[PDB]
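Take a look at the structure below.
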Amino acid sequence: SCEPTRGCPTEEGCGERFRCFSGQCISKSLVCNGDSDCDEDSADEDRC
Amino acid sequence: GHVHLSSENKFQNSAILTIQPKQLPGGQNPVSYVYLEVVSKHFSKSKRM
Amino acid sequence: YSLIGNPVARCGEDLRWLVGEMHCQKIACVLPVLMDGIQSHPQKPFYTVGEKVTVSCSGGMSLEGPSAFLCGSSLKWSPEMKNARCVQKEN
Amino acid sequence: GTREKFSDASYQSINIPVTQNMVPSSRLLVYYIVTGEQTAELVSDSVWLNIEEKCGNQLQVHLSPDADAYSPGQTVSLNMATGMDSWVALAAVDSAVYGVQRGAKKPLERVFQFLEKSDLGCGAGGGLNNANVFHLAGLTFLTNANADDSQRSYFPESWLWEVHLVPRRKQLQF
Amino acid sequence: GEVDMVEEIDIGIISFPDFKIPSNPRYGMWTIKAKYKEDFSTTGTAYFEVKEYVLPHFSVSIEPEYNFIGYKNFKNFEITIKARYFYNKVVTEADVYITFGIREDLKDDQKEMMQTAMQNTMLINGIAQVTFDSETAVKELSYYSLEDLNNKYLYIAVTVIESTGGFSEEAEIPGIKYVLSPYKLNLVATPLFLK
Numbered sequence: 072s073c074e075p076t077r078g079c080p081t082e083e084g085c086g087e088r089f090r091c092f093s094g095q096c097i098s099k100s101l102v103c104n105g106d107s108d109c110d111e112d113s114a115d116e117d118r119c
Numbered sequence: 069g070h071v072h073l074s075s076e077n078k079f080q081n082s083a084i085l086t087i088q089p090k091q092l093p094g095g096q097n098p099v100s101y102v103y104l105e106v107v108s109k110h111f112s113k114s115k116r117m
Numbered sequence: 603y604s605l606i607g608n609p610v611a612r613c614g615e616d617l618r619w620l621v622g623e624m625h626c627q628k629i630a631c632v633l634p635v636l637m638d639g640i641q642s643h644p645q646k647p648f649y650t651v652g653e654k655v656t657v658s659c660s661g662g663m664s665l666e667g668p669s670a671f672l673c674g675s676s677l678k679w680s681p682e683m684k685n686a687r688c689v690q691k692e693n
Numbered sequence: 513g514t515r516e517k518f519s520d521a522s523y524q525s526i527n528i529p530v531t532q533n534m535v536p537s538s539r540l541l542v543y544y545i546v547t548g549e550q551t552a553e554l555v556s557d558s559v560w561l562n563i564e565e566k567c568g569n570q571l572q573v574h575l576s577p578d579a580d581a582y583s584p585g586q587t588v589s590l591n592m593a594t595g596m597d598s599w600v601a602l603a604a605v606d607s608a609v610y611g612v613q614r615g616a617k618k619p620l621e622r623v624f625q626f627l628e629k630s631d632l633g634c635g636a637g638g639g640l641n642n643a644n645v646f647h648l649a650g651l652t653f654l655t656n657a658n659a660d661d662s663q766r767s768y769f770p771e772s773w774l775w776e777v778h779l780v781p782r783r784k785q786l787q788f
Numbered sequence: 168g170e171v172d173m174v175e176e177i178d180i181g182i183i184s185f186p187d188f189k190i191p192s193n194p195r196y197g198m199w200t201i202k203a204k205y206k207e208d209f210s211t212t213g214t215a216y217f218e219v220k221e222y223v224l225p226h227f228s229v230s231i232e233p234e235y236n237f238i239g240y241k242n243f244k245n246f247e248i249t250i251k252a253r254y255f256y257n258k259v260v261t262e263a264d265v266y267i268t269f270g271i272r273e274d275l276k277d278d279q280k281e282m283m284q285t286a287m288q289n290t291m292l293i294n295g296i297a298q299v300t301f302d303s304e305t306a307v308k309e310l311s312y313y314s315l316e317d318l319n320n321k322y323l324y325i326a327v328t329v330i331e332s333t334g335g336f337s338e339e340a341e342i343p344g345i346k347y348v349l350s351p352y353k354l355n356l357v358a359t360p361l362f363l364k
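Listed below in C-alpha cells is the structure:
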C-alpha cells in the first residue's frame, strides 16, 4: 500500500488527429488511403 | 489567477483575468497576443489565443 | 472624486507594491479671484455643482467677455480670467 | 450553469435566470462530456439569444407642467427619474434642424445596435463539430479529447448643453 | 481629405471645447474621429454636414404607395406627397408643383427630364396624392417606350408653395429603378444547419 502524493499524468493531447482504438493519433490525411494507415488496427477505417 | 475545486462547486470554477499595459514599449508589433497556461496536479497544457 | 493615474499597483518579488504616479482628485467650486472692482452674485462661501454666478463691476461699466460663469465639476470654471480684466470702458 | 441527469425522462428542461447585463444580445452553449472506452468526445451546441431593450438605470425625462402646447417664454421645469445615481447629458435639439440630408435620420438613434459589435462570433448558432461551432460562437476550448483550429434671440439652435449629476429624483428649472 | 486635433483628460462624459468654423469653409460631409491616443483601438467615427439651415418653413414628406415601381405600377403609379409643419400640425392649403425625371445612377445629379409636367396639385388637410403613369413619361421624354430598355433610377422633385403666403419648400427622392429581376432574398437569425 502507498499514499499517492503527486497527481497522475493525464493522457496526451490528440489534436486534430483521428484517434484509433489504441490511441495512436496520426494525421487526418491518412483517412481512407486504402492501406495500413493507423498501422495498429482498422477500427476507424473512415468508412473507406 | 487561482481557483479552488471541491464537491460543493462540483469541480468547476471561473476566475476573471485582465490584460494590462505590460507589453514591451515600441517594437515591430505590440500584439504578442497571449500564452495561456494551466497549472494543475493532474494535467498541464498551453495554447496561444 | 475622480481617478487620475495608472491606477493599478503591482506586487513585486521583493514583497513590495509597485505604484505609479496616481492620485485621487475630485470629480465643489471655490470663491473666484475676488477683485475689488468686481461683485459676485450670489455671494456664497461654497458653490455646488450645477449653479451659475453672475459677476459684474460697478455702475457705468459692463463686464468684458462672458457675463455669466458656471460652476463646473470641482475647481473648474469655463473661463477663469484670473485678474485679467473686468472692464476698462464700453463706449 | 450546471445540472444533473436523471432517468426520469429523455429530455430535461433547465431554468436560466436572466439579468440586466443581457439586454442587447446573448449566446448560450450546452456541452456534455462522456467517458469512452479508448478516447473521449464531447458534443456542444449553441443558438442565438434575442432580448428586449430595457435600461438598468431606467432614466426617464418629463416636464413638470403637463400641457399639449406651451407659450413662448414660459418658465418650465424638467424632472429626471433614475433608479440609481447617474450622470445626465441634456441636449435640446430643434425638430426643424432636420433638413433633407437624404432623410436626416437622427443624431444617434442606436445604442444597443452599435453595442452588439462586441460579439466576437457571427451567425445565430449551431454548426459542425465542437471546434467549428465554438469558433462560430466566438470561443476557443482547451480539452484533452479535441482541439480547435484557428482557420441673439429669438432663437438660435441648439441650446441646453449641460451635464448635471442626477440622484434618484432630480429636478432643474429654466 | 485633417483640420484640428485636441485632447482632454476625462465623470464618464468627455466635454470638449467649442470648435470654430474657418473663414473659408468647405461645404460637404465632414468627418469626426476620436482616439485615446495612448494605447487602445476601436476608433469612433461621426459625420456632420455644413450647409445653410437659415429657415426651414415646413417639412415635406414623400411617401409613395409602393417602394419601387413594379409591373403592376407601370401603367398606373400613385404617389402621396404630404407637407406638415414642424409643430405637429398639418398644412391647411398649399400649391404643390411636381417635377419628374430619369437618372442613370445616384451619383449623377443632372439629367434630362420632362418637359411634360409640371403638374399642379393642391394640398388639402396636409396630405396630397396624384396619379402618375410611366407610359407617357417613357414615351415622350425617355425617347424609348419599354420597361426593359430603361434600367435606371427615377428622380422626382416636389416644390410646395403656400397660396395664402409667400413660402417655398422642396423635397426629393433618391431614385426608383425599373428592374426586371425581382427583389432579392436573404436569411436572418436562421442557422443554416440541421437537427
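Chains as they are written, first to last, in PDB author numbering: chain A, 72 to 119; chain B, 69 to 117; chain C, 603 to 693; chain D, 513 to 663, 766 to 788; chain E, 168, 170 to 178, 180 to 364.
C-beta: ideal position from N, C-alpha, C; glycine also.
On a CA-only basis, which of C:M663, C:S658, C:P609 is nearest residue 120 of chain B? Give me that one, please.
In the structure as shown, chain B begins at 69 and stops at 117. Residue 120 of chain B is therefore absent and cannot be evaluated.
Report the neighbours of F111 of chain B on chain A: residues whose CB is nearer than 7 Å to its CB, in chain order.
Within 7 Å of the CB of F111 of chain B, the CB atoms of chain A belong to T81, in sequence order along the chain.
Going by the C-beta, is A203 of chain E closer than 6 Å to any heavy atom of the ligand FAD?
Judged by which ligands are present, the structure shown has none, so any question about the ligand FAD falls away.
Among E:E262, E:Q284, E:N289, which one has its Cα closest to the Cα of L310 of chain E?
E:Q284
Looking at the unbroken alpha helix (DSSP H) that takes in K308 of chain E, where does it start and where does it end?
303-309
Quick test of the definition: if touching needs 3 or more C-beta pairs under 8 Å, does the region 633-643 of chain C touch the region 681-691 of chain C?
yes
Kindly list, in the order they appear in chain B, the residues whose Cβ is closer than 8 Å to that of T652 of chain D.
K115, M117
Can a CB atom of chain C be found closer than 7 Å to the CB of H778 of chain D?
yes
Partners in chain B for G84 of chain A, counting only beta-carbon separations shorter than 9 Å
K113
With a threshold of 7 Å between beta-carbons, can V655 of chain C be considered close to chain D, or not?
So no, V655 of chain C is outside the interface.
Spell out whether any CB of chain B is found under 7 Å from the CB atom of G78 of chain A.
Contact with chain B is found for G78 of chain A, since one of that chain's Cβ atoms lies less than 7 Å from the residue's Cβ.
In its own chain, which residues sit with a C-beta less than 7 Å from the C-beta of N81 of chain B, not counting the 5 before and 5 after it?
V71, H72, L73
Can you tell me which of E:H226, E:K202, E:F227 puts its alpha carbon nearest to the alpha carbon of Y216 of chain E?
E:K202
Locate the beta strand (DSSP E) running through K280 of chain E, then write down its first and last residues.
Unbroken run through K280 of chain E: none, as it is neither H nor E.
Determine the chain E residues that contact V573 of chain D at a beta-carbon separation under 8 Å, and present them in chain order.
In chain order: nothing, as chain E lies at least about 16 Å away.
Beta carbon proximity, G667 of chain C to chain D, threshold 7 Å:
no
From the DSSP output, in three-state form, read off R687 of chain C for me.
coil
Which residue spans inside the region 606-658 of chain C form an unbroken beta strand (DSSP E) run of at least 3?
625-627, 654-656
Short check: CB of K251 of chain E to CB of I296 of chain E, under 7 Å?
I296 of chain E is positioned such that its CB atom lies closer than 7 Å to that of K251 of chain E.
Three or more C-beta pairs under 8 Å: does that hold for the region 533-553 of chain D against the region 620-637 of chain D?
yes
Could you name the residues of chain D that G661 of chain C contacts, counting a contact when the two beta carbons are closer than 7 Å?
Simply none; closest approach about 24 Å.
Taking its Cβ as the centre, do 16 or more other Cβ atoms sit within 10 Å of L323 of chain E, making it buried, or is it exposed?
buried
Is there at least one Cβ from chain A nearer than 7 Å to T547 of chain D's Cβ?
no
Based on DSSP bridge pairs, tell me the residues matched to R783 of chain D.
D:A593
Please look up how many angstroms separate the CB atoms of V780 of chain D and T594 of chain D, rounded, as I've assumed it's under 8 Å.
6 Å
Touch check for the region 244-262 of chain E and the region 271-289 of chain E: three-plus C-beta pairs under 8 Å?
no
Exposure label - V573 of chain D; buried when at least 16 CB within 10 Å:
Flag for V573 of chain D reads exposed.
Okay, do the region 336-343 of chain E and the region 218-234 of chain E touch, 3+ Cβ pairs below 8 Å being the bar?
Verdict: yes, contact present.
With 16 other Cβ atoms within 10 Å as the buried cut-off, status of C673 of chain C
buried
So that I know if they touch, is there some Cβ in chain E lying closer than 7 Å to that of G633 of chain D?
no
Suppose the cutoff is 6 Å on Cβ atoms and the five residues either side in sequence are ignored; what does the same chain contact list for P233 of chain E look like?
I248
Between the CA atoms of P668 of chain C and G662 of chain C - distance to the nearest angstrom
18 Å
Residues of chain E with a CB under 7 Å from the CB of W560 of chain D: which are they?
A358
Quick check on DSSP: helix, strand or coil for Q613 of chain D?
For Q613 of chain D, the secondary structure class from DSSP, reduced to helix, strand or coil, is helix.
Fully enclosed by the region 545-599 of chain D, which beta strand (DSSP E) runs are 3 residues long or longer?
555-561, 572-575, 589-593
Does DSSP put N533 of chain D in a helix, a strand or coil?
Assigned with DSSP and collapsed to three states, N533 of chain D falls in helix.
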